[PDB]
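Same chain, two versions here, written out as structure tokens and called structure 1 and structure 2.
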Structure 1
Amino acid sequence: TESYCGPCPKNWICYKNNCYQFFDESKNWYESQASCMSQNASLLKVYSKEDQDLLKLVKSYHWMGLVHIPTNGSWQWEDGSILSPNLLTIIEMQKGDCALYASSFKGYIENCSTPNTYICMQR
């Protein structure tokens, strides 16, 4: 219709049938993942520049669900999709096996142990 947002956790941001929350607590990747899991969700997965255009406006750097598992050789999303080289601009600021989201659809490569704010997402 015009209205009503698509079933989300309470007190979460709802946009284009997708649920987000930004978290102030500095956590490493694993703790961040665990948190999102706890709430039947997952770290931010980027899939569409049109559907997730609001990510253009969020400022600081945050954990998203993009990881290198040193076994598989390639980078991957939490759910097990590959990263399309089209989706994000990847920068190597530090060296690690996890990635922070910034800016406009950037991915900053970060040591998974270093604590940062995080973004969870649920569909």
Structure 2
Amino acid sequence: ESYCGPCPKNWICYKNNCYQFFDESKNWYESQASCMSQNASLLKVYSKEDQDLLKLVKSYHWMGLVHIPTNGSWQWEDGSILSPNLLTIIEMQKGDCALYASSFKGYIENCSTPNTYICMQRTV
């Protein structure tokens, strides 16, 4: 396909997924709310091939990955399991939220710490 889409005017299109990056630092909750306000969600990582552009992202950003008490496992905002061998998760700060970083890394942060964040609309 020559055309990438449907996406908002002024969003980044890649393989028919739509992304936008936000420099105003917010906690995970305010971040998730902001993404949803623009008909999006926080970055979900489902594919190394389809989201290979994420290798070239500088610095760390809120993605939509949350830890549940009496769960031990990580899962997305939408209730999806995290797929195996997609992300390496690293303890940085005690918390139940995860920052995305290159290359397919999740750094654990307190959900209350303001951070830059990435929205993605699922095209499903």
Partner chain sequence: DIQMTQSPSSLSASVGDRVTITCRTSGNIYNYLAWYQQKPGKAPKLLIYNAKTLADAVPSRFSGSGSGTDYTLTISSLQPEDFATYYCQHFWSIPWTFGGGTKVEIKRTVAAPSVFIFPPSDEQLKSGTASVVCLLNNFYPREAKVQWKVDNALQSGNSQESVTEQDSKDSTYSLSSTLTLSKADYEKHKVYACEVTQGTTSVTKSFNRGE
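Rigid core here is just the name for the largest C-alpha set that superposes within 1.5 Å across the two forms. Start at 1 and count along the sequence of structure 1; that gives the residue numbers used here. Only residues modelled in both forms are compared.
Chemist: Does structure 1 or structure 2 depict the form deposited with the partner chain bound?
Modeler: Form deposited with the partner chain bound: structure 1.
Chemist: If I align on the rigid core, exactly one of 93, 69, 37, 90 should have its C-alpha move by 2 Å or more between the two structures; which residue is that?
Modeler: Of all the options, the C-alpha that shifts by at least 2 Å belongs to 69.
Chemist: Core superposed first, then measure: what is the displacement of the CA of residue 103 between the two structures, in Å?
Modeler: For residue 103, the alpha-carbon shift amounts to 1.3 Å.
Chemist: Only counting residues present in both forms, give the runs of 3 or more in a row whose C-alpha shift is 2 Å or more between the two structures, core aligned.
Modeler: In sequence order there is one run that relocates between the two structures, which is 69 to 74.
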